[PDB]
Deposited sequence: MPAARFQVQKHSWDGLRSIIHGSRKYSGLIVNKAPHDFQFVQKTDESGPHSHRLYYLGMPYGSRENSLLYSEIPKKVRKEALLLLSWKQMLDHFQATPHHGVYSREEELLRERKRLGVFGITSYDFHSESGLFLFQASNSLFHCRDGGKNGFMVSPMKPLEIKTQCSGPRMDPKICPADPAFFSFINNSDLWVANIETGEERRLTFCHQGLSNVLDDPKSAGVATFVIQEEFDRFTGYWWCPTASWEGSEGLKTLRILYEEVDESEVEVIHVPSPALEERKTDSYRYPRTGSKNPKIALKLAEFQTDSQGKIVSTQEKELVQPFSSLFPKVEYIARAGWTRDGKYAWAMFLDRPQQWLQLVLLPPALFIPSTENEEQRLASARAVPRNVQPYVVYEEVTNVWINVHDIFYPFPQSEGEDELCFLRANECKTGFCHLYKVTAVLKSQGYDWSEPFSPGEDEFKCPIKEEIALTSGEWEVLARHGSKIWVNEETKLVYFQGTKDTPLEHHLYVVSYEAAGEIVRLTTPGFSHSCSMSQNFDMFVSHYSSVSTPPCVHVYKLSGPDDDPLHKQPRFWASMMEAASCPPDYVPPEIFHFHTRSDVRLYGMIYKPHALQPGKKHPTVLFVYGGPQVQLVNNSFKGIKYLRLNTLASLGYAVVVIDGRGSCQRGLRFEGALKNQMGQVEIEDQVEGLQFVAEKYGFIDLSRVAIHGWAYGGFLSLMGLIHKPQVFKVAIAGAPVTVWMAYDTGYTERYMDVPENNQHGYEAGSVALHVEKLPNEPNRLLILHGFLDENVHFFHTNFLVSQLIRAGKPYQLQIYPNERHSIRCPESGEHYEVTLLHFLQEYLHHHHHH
């Protein structure tokens, strides 16, 4: 039979030398057309980027030429917008507000990480150096040819100005959040005005529990929403004085009843915590309402008045089953505000139109409030234009595109991504009928079943089949109303690649792929539908960023050619010591297709079985196995393979980009099906490849992966010789409402699932042998609290079980510091060297 390969033993400092030795793209695109026929450029393309000489992200541009040589590859020059400007604060130490927002968004890079852009005026608005800055380019002032100094926006406000946005109707104005309230300011005059008065500014913060315009913890962490306010895109002219009204839809929250937890602050020497309103599963979420903030401006841009407006009947009366606002915004004409509402079980979503006339001025005067309520026209109401229901869960999809209405039309046509209908996320063209029932809004009423529900006149599937339109985590559609085409991203070719597609929403038929097969693409489309960018890679090829021109006859828009135009970034040379993993698939005993990757031992010899690391995440919303470059994020897996470890990765049931039924397998039973699929995958790899030593398998993962590493050691102790569990969830009753309830229900409704899935309650089944269990955790983790590890250790002590522990005192949910990253990898190599070998 096969010989058993022995990894070379190194000293601790030898392992440090291996790790240190081993560690020896433009984004956020805005296309602007140039309208000078004499000049050689069709567009200026703006973006964020860190070029190789820079140590932070800054605002950059490249010039797109009208003509390119067919025989040559143009590499576009990256031009600086800002002149020798440091956007990063001193020592990369952000305010707590900016630091936590960077954690919620998974932003690791320093400098400008987002900007707001107003195309007509050419205004850029962004956070930098613990303040707000702006610059102008294009519009009236024209296009810069060397970097300019950005202008700081002065304030009399105390503490950070968060979530800055330009007023779409009038770019003289921008909005921001300060001390949990919504403000506006005139960028030209410097005038600032507070719009909302939720935050009293009391000495005891726990007595001051309301905010306006703020996405709370669970909304940011579990619903991917980082804003609590939405500019109305249009101005209005109500009243006799001729003042211009500007409007902001905002979420008001009351966190009074939300549980408070303390997490250590990153300034360790101060030995203090930050307080979080952390809704643990089964406990109270914030009380929420949508409100309308208005202010009026004169011809000189002076802010003459402000008004808080609220729903004529309470949010809780109109929409009694709503737990969460997933998303909100406006129709392009500003005729309707809209909101995406979820029930607490997250099995029922409503898309609701809210006309501004349904909101009345807030007042303590009961007679004035009654007068305002009585004056609301009878034909004004909410319209539930769409409803999604499932026995699995609603994934929040960002795709909702309302078409403009004609005058006197009692219908709304819109594009909607819908997963629950077929179990795969697809594009539908929906026509809802908006008919007024007639309501006396001064008279309180409890709405009945389907009270505001709109009849659906038409619902056309634009896409169908066992593949997904991508509608989450930055994915969007682009709609050309001139050509009646919708551009979208999807897995139609393969679940291993993201591609750009186009289909008609008028005459739904042929879907045209616009991206190159054999790569996974992240695309940005011009609002003029003339050009697009793709950031793309493969398992073998590092990322490149290419600009494409949509070319061909204007009478055949569906079959426009994606013509390669220029490169923004050529693929880096694949290092000689880097060997890409190999993708495979197999069918389980239940005949489900699973995909996996194998990092083959480097310089592999036949007839030899190698010690193996099963690298696991295995949780919802993640797919580890796809045809994209893994060497930037997962270099440590190549390093393991270079020492002669085989590394196996399996996307089991519960993982994403395979439809709702596939991820639905773990419903109310997290931990159970995932480990079965991991073991089937490992055993398939051993049978297919023949270089896996099944007597020497380590299971290793972080967060959900740490949870499954422990589940593996508990339930399959003959399969897994050692577990290395990073930031593990050890008790589901300690995780939050938004995530845990979606997949597991509330604890009272799923006692068996919570008990079976909580590894800290099964410590009696963990090994009675030392050196089979290494626990790792960031001390400052505000997501999977250090509590999870602390509670697991308390249980290990009670059960008389041995454990090894490493803490990252300066790290939250991920290891960001390179020295801590290296120490983690050295520790992993040492643990495997000493304890995976017999």
property	result
Unmodelled ranges, which are counted on the deposited sequence from position 1 and given in order	1, 26-33, 848-851
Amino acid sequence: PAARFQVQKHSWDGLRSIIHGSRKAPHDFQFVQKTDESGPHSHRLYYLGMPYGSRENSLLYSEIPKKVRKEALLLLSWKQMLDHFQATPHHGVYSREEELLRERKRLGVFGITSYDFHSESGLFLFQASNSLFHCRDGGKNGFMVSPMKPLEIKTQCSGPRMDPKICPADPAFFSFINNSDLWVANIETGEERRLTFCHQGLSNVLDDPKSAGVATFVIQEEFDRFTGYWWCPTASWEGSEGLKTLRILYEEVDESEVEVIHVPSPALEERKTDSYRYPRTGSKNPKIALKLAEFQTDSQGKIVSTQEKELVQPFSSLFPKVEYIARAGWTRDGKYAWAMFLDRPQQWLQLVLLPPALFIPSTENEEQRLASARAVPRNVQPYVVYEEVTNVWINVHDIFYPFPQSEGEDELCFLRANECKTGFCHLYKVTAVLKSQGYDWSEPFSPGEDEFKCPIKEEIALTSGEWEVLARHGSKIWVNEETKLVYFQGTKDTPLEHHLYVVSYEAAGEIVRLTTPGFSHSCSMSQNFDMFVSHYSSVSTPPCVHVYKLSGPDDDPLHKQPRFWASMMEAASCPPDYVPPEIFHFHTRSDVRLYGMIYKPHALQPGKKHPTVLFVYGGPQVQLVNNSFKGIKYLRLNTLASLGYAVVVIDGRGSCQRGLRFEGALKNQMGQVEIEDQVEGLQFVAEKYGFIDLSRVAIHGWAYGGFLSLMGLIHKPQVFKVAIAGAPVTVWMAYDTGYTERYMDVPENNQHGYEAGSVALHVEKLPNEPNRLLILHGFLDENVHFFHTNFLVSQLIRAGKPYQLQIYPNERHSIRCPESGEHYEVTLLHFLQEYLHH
From here on, numbers count along this sequence of modelled residues.
query	finding
Higher-B stretch (mean Cα B-factor, as the entry records it), 489-497 or 452-460	452-460
Segment of higher mean CA temperature factor, 215-223 or 157-165	157-165
Top residue by Cα temperature factor, when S537, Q657, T516, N204 are compared in the entry	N204
Given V263, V322, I714, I632, the residue at which the Cα B factor reaches its maximum	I632
Among modelled residues of the same chain, the CA temperature factor third for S180	middle
Relative C-alpha B-factor of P770, binned into the chain's lowest, middle or highest third	middle
Modelled-residue ranking by C-alpha temperature factor, third containing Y808	lowest
Where the record places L15 (Cα B-factor, split into thirds across the chain)	lowest
Position of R472 among the chain's modelled residues by C-alpha B-factor, lowest, middle or highest third	highest
